[PDB]
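Q: Shown below is the structure under consideration.
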Amino acid sequence: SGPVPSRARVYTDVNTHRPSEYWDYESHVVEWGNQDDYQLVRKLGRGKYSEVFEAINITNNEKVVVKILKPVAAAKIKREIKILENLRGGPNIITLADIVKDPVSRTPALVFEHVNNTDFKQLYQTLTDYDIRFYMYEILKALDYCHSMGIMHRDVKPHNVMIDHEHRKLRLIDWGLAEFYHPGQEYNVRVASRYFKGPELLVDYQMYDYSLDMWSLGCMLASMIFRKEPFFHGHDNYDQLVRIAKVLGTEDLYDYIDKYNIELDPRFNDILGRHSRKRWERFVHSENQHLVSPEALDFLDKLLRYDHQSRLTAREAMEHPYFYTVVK
Ligand SMILES: NC(=O)c1ccc(O)cc1
Ligand SMILES: NC(=O)c1ccc(O)cc1
């Protein structure tokens with residue numbers, strides 16, 4: 001009869017109760033600013049959906065970041081704009097300062113606050129035990145905020161976390177894959193970067209929720225505490241699941257796919273094999289041992305679960321003994 005349905009265990013009906021104006025991004029009307037207020041300085045990067053530039057707001061002389069949307073992006077731009085406006089002011093959420101029409105591309109350009117020329121992947125393999133804990137807690141603030149607001153990020157990775165290490169300031173960026181959670185809705189599984197893709201995405205389970213971001217955060221943590229970039233290093237999306245299975249075991253994988261009445265892609269029969277769950281202590285060595293504690297291991301264990309429903313939520317994660325040492 002097909003897959004068994006699933007719902008988020010928290011913030012289930014936040015959008016259902018809200019006026020349509022909140023989540024119906026298609027019907028959102030954009031208030032355009034002055035493109036001439038911003039002077040492009042240097043290109044930072046280019047992807048499939050945008051080109052990001054460092055800029056100067058010539059009115060106040062402040063450094064800003066301009067994200068010029070590619071035309072590929074059509075009316076998915078609307079979703080990002082709405083999400084960024086809904087989440088503005090939220091803890092560690094990138095602040096959207098303006099929306100201008102780019103003269104060259106003839107597409108919207110999103111103007112953000114400038115954090116630093118530094119991402120989390122530039123720093124994260126170099127942090128102390130205390131800093132891992134500190135920055136993980138800052139990330140959780142952003143995640144609980146967007147989840148509480150009916151939004152799932154769907155692209156949590158070190159590259160999407162902008163840090164000003166000197167000022168101990170953090171921002172969750174690139175809401176281009178973000179979506180409104182609607183209970184019972186089937187979503188596109190082609191979201192997030194390969195190494196941070198949850199087992200739900202890899203086994204083609206479309207009724208996923210906020211807990212997807214929690215798996216992605218677990219991938220980040222594992223990578224930080226064990227000094228392994230990335231932690232689950234798949235050659236592609238199939239080998240990605242095999243890499244996970246080599247650590248968590250194939251038995252809990254079969255229990256997961258059984259519970260949700262999911263049919264695994266036949267391609268997995270030849271490559272998945274049989275694996276016992278590995279104890280987290282197996283990944284400990286003299287080079288990462290100062291970052292590993294029984295608290296770190298128990299916390300990681302409660303994020304990296306196949307069953308998306310059995311993962312800690314962002315709020316439960318903030319309550320964890322792992323964060324008791326972080327000054328609050
Ligand atoms: N697609 C995107 O929005 C994007 C922008 C900059 C990158 O460096 C990578 C990706
Ligand atoms: N601080 C930065 O370099 C930065 C990068 C990308 C953003 O979308 C926002 C800010």
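In the structure tokens, chains take the letters A, B, ... in the order shown, each chain's residues start at 1, and ligands count up from 1 in the order shown.
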Write out as JSON, numbers by chain which residues come within 7 Å of residue A:92 when counting only C-alpha atoms, dropping same-chain ones fewer than 4 positions away.
A: {"A": [138, 141, 142, 170, 171, 172]}
Q: Can I get the residues close to ligand 1 as a ChimeraX atom specification, where close means within 12 Å and we count only C-alpha atoms and all ligand atoms?
A: /A:43-54,65-73,76-77,80,109-110,119,155,157,159-160,173-177,191-193
Q: So, counting only C-alpha atoms, which residue among A:23, A:181, A:280, A:210 is closest to residue A:301?
A: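 That would be A:280, the residue with the smallest distance to residue A:301.
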Q: What residues in stretch 79-203 of chain A get the DSSP label strand (DSSP E or B)? Please answer as an mmCIF file with N, CA, C and O atoms, in the first residue's frame.
A:
```
data_model
loop_
_atom_site.group_PDB
_atom_site.id
_atom_site.type_symbol
_atom_site.label_atom_id
_atom_site.label_comp_id
_atom_site.auth_asym_id
_atom_site.auth_seq_id
_atom_site.Cartn_x
_atom_site.Cartn_y
_atom_site.Cartn_z
ATOM 1 N N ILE A 93 20.265 34.162 12.879
ATOM 2 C CA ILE A 93 19.695 34.073 11.565
ATOM 3 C C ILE A 93 20.251 35.225 10.730
ATOM 4 O O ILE A 93 20.220 36.331 11.147
ATOM 5 N N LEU A 96 18.420 39.917 6.456
ATOM 6 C CA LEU A 96 18.164 40.426 5.115
ATOM 7 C C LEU A 96 17.924 41.924 5.266
ATOM 8 O O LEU A 96 16.910 42.329 5.839
ATOM 9 N N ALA A 97 18.891 42.736 4.835
ATOM 10 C CA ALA A 97 18.794 44.190 4.928
ATOM 11 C C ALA A 97 17.970 44.833 3.806
ATOM 12 O O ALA A 97 17.381 45.875 4.039
ATOM 13 N N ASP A 98 17.937 44.228 2.597
ATOM 14 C CA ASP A 98 17.226 44.795 1.442
ATOM 15 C C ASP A 98 17.033 43.777 0.341
ATOM 16 O O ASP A 98 17.624 42.682 0.381
ATOM 17 N N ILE A 99 16.191 44.150 -0.662
ATOM 18 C CA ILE A 99 15.887 43.385 -1.885
ATOM 19 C C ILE A 99 15.858 44.406 -3.025
ATOM 20 O O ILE A 99 15.007 45.299 -3.044
ATOM 21 N N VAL A 100 16.830 44.310 -3.944
ATOM 22 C CA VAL A 100 16.913 45.225 -5.086
ATOM 23 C C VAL A 100 16.809 44.427 -6.376
ATOM 24 O O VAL A 100 16.950 43.200 -6.351
ATOM 25 N N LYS A 101 16.536 45.106 -7.492
ATOM 26 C CA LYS A 101 16.493 44.434 -8.784
ATOM 27 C C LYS A 101 17.859 44.671 -9.395
ATOM 28 O O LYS A 101 18.267 45.822 -9.548
ATOM 29 N N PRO A 108 16.189 39.528 -8.804
ATOM 30 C CA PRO A 108 16.346 40.108 -7.476
ATOM 31 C C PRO A 108 17.721 39.811 -6.891
ATOM 32 O O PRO A 108 18.259 38.769 -7.134
ATOM 33 N N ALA A 109 18.247 40.753 -6.139
ATOM 34 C CA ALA A 109 19.482 40.637 -5.459
ATOM 35 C C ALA A 109 19.139 40.842 -4.001
ATOM 36 O O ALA A 109 18.511 41.799 -3.642
ATOM 37 N N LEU A 110 19.530 39.896 -3.182
ATOM 38 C CA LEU A 110 19.283 39.953 -1.746
ATOM 39 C C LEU A 110 20.498 40.562 -1.070
ATOM 40 O O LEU A 110 21.622 40.122 -1.314
ATOM 41 N N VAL A 111 20.274 41.585 -0.242
ATOM 42 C CA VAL A 111 21.336 42.263 0.486
ATOM 43 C C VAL A 111 21.311 41.787 1.937
ATOM 44 O O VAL A 111 20.299 41.940 2.618
ATOM 45 N N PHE A 112 22.413 41.235 2.389
ATOM 46 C CA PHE A 112 22.536 40.767 3.751
ATOM 47 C C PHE A 112 23.579 41.543 4.536
ATOM 48 O O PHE A 112 24.429 42.200 3.995
ATOM 49 N N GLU A 113 23.522 41.385 5.851
ATOM 50 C CA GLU A 113 24.523 41.889 6.755
ATOM 51 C C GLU A 113 25.827 41.090 6.483
ATOM 52 O O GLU A 113 25.814 39.931 6.106
ATOM 53 N N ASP A 119 34.157 31.223 6.569
ATOM 54 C CA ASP A 119 33.042 30.280 6.953
ATOM 55 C C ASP A 119 33.421 29.331 8.086
ATOM 56 O O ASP A 119 34.532 29.389 8.566
ATOM 57 N N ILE A 151 9.648 26.497 9.781
ATOM 58 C CA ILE A 151 10.611 26.398 8.693
ATOM 59 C C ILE A 151 11.738 25.405 8.958
ATOM 60 O O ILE A 151 12.330 25.393 10.031
ATOM 61 N N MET A 152 12.046 24.585 7.940
ATOM 62 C CA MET A 152 13.172 23.667 7.977
ATOM 63 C C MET A 152 14.219 24.182 6.982
ATOM 64 O O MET A 152 13.859 24.601 5.877
ATOM 65 N N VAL A 161 27.418 28.280 7.603
ATOM 66 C CA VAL A 161 27.549 28.838 8.927
ATOM 67 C C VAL A 161 28.708 29.804 8.854
ATOM 68 O O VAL A 161 29.834 29.419 8.662
ATOM 69 N N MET A 162 28.364 31.070 8.873
ATOM 70 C CA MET A 162 29.321 32.136 8.827
ATOM 71 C C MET A 162 29.700 32.614 10.234
ATOM 72 O O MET A 162 28.877 33.008 10.974
ATOM 73 N N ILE A 163 30.998 32.571 10.534
ATOM 74 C CA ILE A 163 31.584 32.953 11.808
ATOM 75 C C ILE A 163 32.602 34.106 11.830
ATOM 76 O O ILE A 163 33.439 34.224 11.001
ATOM 77 N N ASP A 164 32.467 34.925 12.843
ATOM 78 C CA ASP A 164 33.403 35.967 13.163
ATOM 79 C C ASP A 164 34.003 35.446 14.475
ATOM 80 O O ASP A 164 33.517 35.701 15.536
ATOM 81 N N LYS A 169 30.822 35.477 17.082
ATOM 82 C CA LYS A 169 29.551 35.739 16.470
ATOM 83 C C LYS A 169 29.268 34.775 15.292
ATOM 84 O O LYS A 169 30.126 34.480 14.509
ATOM 85 N N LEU A 170 28.065 34.244 15.257
ATOM 86 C CA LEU A 170 27.655 33.288 14.244
ATOM 87 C C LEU A 170 26.311 33.583 13.530
ATOM 88 O O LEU A 170 25.406 34.132 14.093
ATOM 89 N N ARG A 171 26.236 33.175 12.272
ATOM 90 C CA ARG A 171 25.043 33.280 11.423
ATOM 91 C C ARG A 171 24.770 32.078 10.485
ATOM 92 O O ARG A 171 25.640 31.603 9.819
ATOM 93 N N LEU A 172 23.546 31.589 10.520
ATOM 94 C CA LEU A 172 23.089 30.541 9.658
ATOM 95 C C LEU A 172 22.655 31.218 8.335
ATOM 96 O O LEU A 172 21.736 31.994 8.347
ATOM 97 N N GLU A 179 12.206 25.474 3.495
ATOM 98 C CA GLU A 179 10.817 25.252 3.138
ATOM 99 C C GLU A 179 9.937 25.319 4.368
ATOM 100 O O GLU A 179 10.411 25.091 5.482
ATOM 101 N N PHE A 180 8.655 25.641 4.153
ATOM 102 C CA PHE A 180 7.645 25.656 5.200
ATOM 103 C C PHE A 180 7.223 24.214 5.463
ATOM 104 O O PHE A 180 6.976 23.438 4.521
#
```
Q: Find the residues around residue A:261 up to 7 Å (only C-alpha atoms counted), leave out those fewer than 2 positions away in its own chain, and share them as a PyMOL selection string.
A: chain A and resi 2-4+257-259+263
Q: Could you pull out all residues of stretch 38-144 of chain A with a DSSP call of alpha helix (DSSP H) and give them as a ChimeraX atom specification?
A: /A:77-87,129-144
Q: Write the residues of the selection above to a file with N, CA, C and O atoms, as an mmCIF file, in the first residue's frame.
A:
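Once written, selection-v1.cif looks like this:
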```cif
data_model
loop_
_atom_site.group_PDB
_atom_site.id
_atom_site.type_symbol
_atom_site.label_atom_id
_atom_site.label_comp_id
_atom_site.auth_asym_id
_atom_site.auth_seq_id
_atom_site.Cartn_x
_atom_site.Cartn_y
_atom_site.Cartn_z
ATOM 1 N N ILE A 77 12.688 31.902 -5.609
ATOM 2 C CA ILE A 77 13.227 33.143 -5.138
ATOM 3 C C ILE A 77 12.197 33.663 -4.135
ATOM 4 O O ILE A 77 12.531 34.096 -3.098
ATOM 5 N N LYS A 78 10.930 33.646 -4.534
ATOM 6 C CA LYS A 78 9.821 34.049 -3.706
ATOM 7 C C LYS A 78 9.795 33.357 -2.311
ATOM 8 O O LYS A 78 9.547 33.986 -1.349
ATOM 9 N N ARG A 79 10.071 32.065 -2.269
ATOM 10 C CA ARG A 79 10.129 31.262 -1.071
ATOM 11 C C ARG A 79 11.259 31.728 -0.156
ATOM 12 O O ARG A 79 11.036 31.977 0.962
ATOM 13 N N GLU A 80 12.452 31.900 -0.698
ATOM 14 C CA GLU A 80 13.593 32.363 0.071
ATOM 15 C C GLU A 80 13.391 33.743 0.710
ATOM 16 O O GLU A 80 13.718 33.918 1.835
ATOM 17 N N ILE A 81 12.840 34.669 -0.067
ATOM 18 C CA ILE A 81 12.530 36.025 0.342
ATOM 19 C C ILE A 81 11.562 36.050 1.534
ATOM 20 O O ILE A 81 11.779 36.743 2.463
ATOM 21 N N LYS A 82 10.493 35.275 1.437
ATOM 22 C CA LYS A 82 9.463 35.130 2.456
ATOM 23 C C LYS A 82 10.023 34.518 3.767
ATOM 24 O O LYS A 82 9.787 35.003 4.802
ATOM 25 N N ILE A 83 10.820 33.486 3.629
ATOM 26 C CA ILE A 83 11.449 32.789 4.757
ATOM 27 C C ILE A 83 12.387 33.753 5.496
ATOM 28 O O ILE A 83 12.229 33.943 6.704
ATOM 29 N N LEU A 84 13.285 34.436 4.746
ATOM 30 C CA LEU A 84 14.237 35.420 5.292
ATOM 31 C C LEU A 84 13.538 36.573 6.026
ATOM 32 O O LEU A 84 14.043 37.048 7.059
ATOM 33 N N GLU A 85 12.390 37.035 5.480
ATOM 34 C CA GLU A 85 11.578 38.100 6.106
ATOM 35 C C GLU A 85 10.851 37.550 7.333
ATOM 36 O O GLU A 85 10.833 38.202 8.365
ATOM 37 N N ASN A 86 10.330 36.324 7.260
ATOM 38 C CA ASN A 86 9.671 35.723 8.421
ATOM 39 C C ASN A 86 10.629 35.515 9.602
ATOM 40 O O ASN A 86 10.231 35.727 10.734
ATOM 41 N N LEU A 87 11.908 35.165 9.319
ATOM 42 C CA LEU A 87 12.941 34.821 10.293
ATOM 43 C C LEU A 87 13.856 35.959 10.723
ATOM 44 O O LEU A 87 14.633 35.763 11.665
ATOM 45 N N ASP A 129 37.596 22.078 22.513
ATOM 46 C CA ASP A 129 36.394 21.420 22.975
ATOM 47 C C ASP A 129 35.342 22.461 23.384
ATOM 48 O O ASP A 129 34.188 22.362 22.954
ATOM 49 N N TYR A 130 35.752 23.478 24.167
ATOM 50 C CA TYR A 130 34.842 24.534 24.594
ATOM 51 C C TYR A 130 34.160 25.267 23.392
ATOM 52 O O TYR A 130 32.957 25.483 23.443
ATOM 53 N N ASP A 131 34.918 25.634 22.355
ATOM 54 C CA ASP A 131 34.418 26.350 21.202
ATOM 55 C C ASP A 131 33.398 25.520 20.364
ATOM 56 O O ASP A 131 32.456 26.059 19.858
ATOM 57 N N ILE A 132 33.662 24.228 20.213
ATOM 58 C CA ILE A 132 32.747 23.312 19.545
ATOM 59 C C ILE A 132 31.386 23.420 20.232
ATOM 60 O O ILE A 132 30.414 23.712 19.598
ATOM 61 N N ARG A 133 31.385 23.262 21.553
ATOM 62 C CA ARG A 133 30.209 23.344 22.383
ATOM 63 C C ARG A 133 29.518 24.689 22.238
ATOM 64 O O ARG A 133 28.373 24.749 21.995
ATOM 65 N N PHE A 134 30.307 25.751 22.297
ATOM 66 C CA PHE A 134 29.809 27.116 22.212
ATOM 67 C C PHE A 134 29.108 27.389 20.879
ATOM 68 O O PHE A 134 27.985 27.898 20.873
ATOM 69 N N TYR A 135 29.793 27.104 19.755
ATOM 70 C CA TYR A 135 29.268 27.349 18.420
ATOM 71 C C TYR A 135 28.101 26.414 18.060
ATOM 72 O O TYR A 135 27.128 26.868 17.429
ATOM 73 N N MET A 136 28.151 25.154 18.552
ATOM 74 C CA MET A 136 27.057 24.199 18.367
ATOM 75 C C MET A 136 25.781 24.776 19.030
ATOM 76 O O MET A 136 24.706 24.737 18.435
ATOM 77 N N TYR A 137 25.928 25.360 20.226
ATOM 78 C CA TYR A 137 24.814 25.982 20.971
ATOM 79 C C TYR A 137 24.251 27.187 20.227
ATOM 80 O O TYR A 137 23.039 27.360 20.182
ATOM 81 N N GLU A 138 25.126 27.991 19.613
ATOM 82 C CA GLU A 138 24.737 29.129 18.768
ATOM 83 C C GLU A 138 23.970 28.638 17.536
ATOM 84 O O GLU A 138 22.972 29.262 17.153
ATOM 85 N N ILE A 139 24.423 27.526 16.910
ATOM 86 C CA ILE A 139 23.719 26.965 15.734
ATOM 87 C C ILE A 139 22.306 26.532 16.129
ATOM 88 O O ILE A 139 21.343 26.842 15.419
ATOM 89 N N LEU A 140 22.200 25.851 17.290
ATOM 90 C CA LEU A 140 20.934 25.363 17.827
ATOM 91 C C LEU A 140 19.929 26.459 18.052
ATOM 92 O O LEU A 140 18.736 26.228 17.876
ATOM 93 N N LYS A 141 20.399 27.650 18.436
ATOM 94 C CA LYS A 141 19.516 28.794 18.651
ATOM 95 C C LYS A 141 18.802 29.129 17.339
ATOM 96 O O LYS A 141 17.594 29.322 17.368
ATOM 97 N N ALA A 142 19.549 29.153 16.195
ATOM 98 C CA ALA A 142 19.034 29.440 14.860
ATOM 99 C C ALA A 142 18.050 28.373 14.418
ATOM 100 O O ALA A 142 16.987 28.708 13.889
ATOM 101 N N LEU A 143 18.423 27.085 14.624
ATOM 102 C CA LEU A 143 17.621 25.918 14.272
ATOM 103 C C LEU A 143 16.323 25.871 15.071
ATOM 104 O O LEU A 143 15.269 25.751 14.441
ATOM 105 N N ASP A 144 16.366 26.005 16.436
ATOM 106 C CA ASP A 144 15.094 26.033 17.178
ATOM 107 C C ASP A 144 14.209 27.203 16.735
ATOM 108 O O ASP A 144 12.997 27.037 16.593
#
```
Q: Go through A:276, A:302, A:37, A:75 one by one, measure the shortest atom-to-atom distance of each to residue A:57 using only C-alpha atoms, and give the residue with the smallest value.
A: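 Smallest distance to residue A:57 is found for A:37.
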Q: Which one is closest to ligand 2: A:154, A:168, A:320, A:114? Count only C-alpha atoms and all ligand atoms.
A: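 Nearest candidate to ligand 2 out of A:154, A:168, A:320, A:114: A:114.
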Q: List the neighbours of residue A:262 out to 12 Å using only C-alpha atoms; skip same-chain residues closer than 6 positions along the sequence, and give me the result as a list in words.
A: residues 1, 2, 3, 4, 5, 199, 200, 201, 202, 203, 204, 205, 206, 207, 253, 254, 255 and 256 of chain A
Q: So, counting only C-alpha atoms, which residue among A:309, A:59, A:125, A:289 is closest to residue A:260?
A: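 Closest candidate: A:309.
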Q: Any idea what's packed within 9 Å of residue A:226, counting only C-alpha atoms, ignoring anything in its chain fewer than 3 positions away? Could you give it as a PyMOL selection string?
A: chain A and resi 221-223+229+231+283-285+287-289+291-292
Q: So, counting only C-alpha atoms and all ligand atoms, which residue among A:95, A:12, A:20, A:38 is closest to ligand 2?
A: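 Of A:95, A:12, A:20, A:38, the one nearest ligand 2 is A:95, counting only C-alpha atoms and all ligand atoms.
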Q: Which residue is closest to ligand 2? Choose from A:117, A:158, A:28, A:42 and count only C-alpha atoms and all ligand atoms.
A: A:117
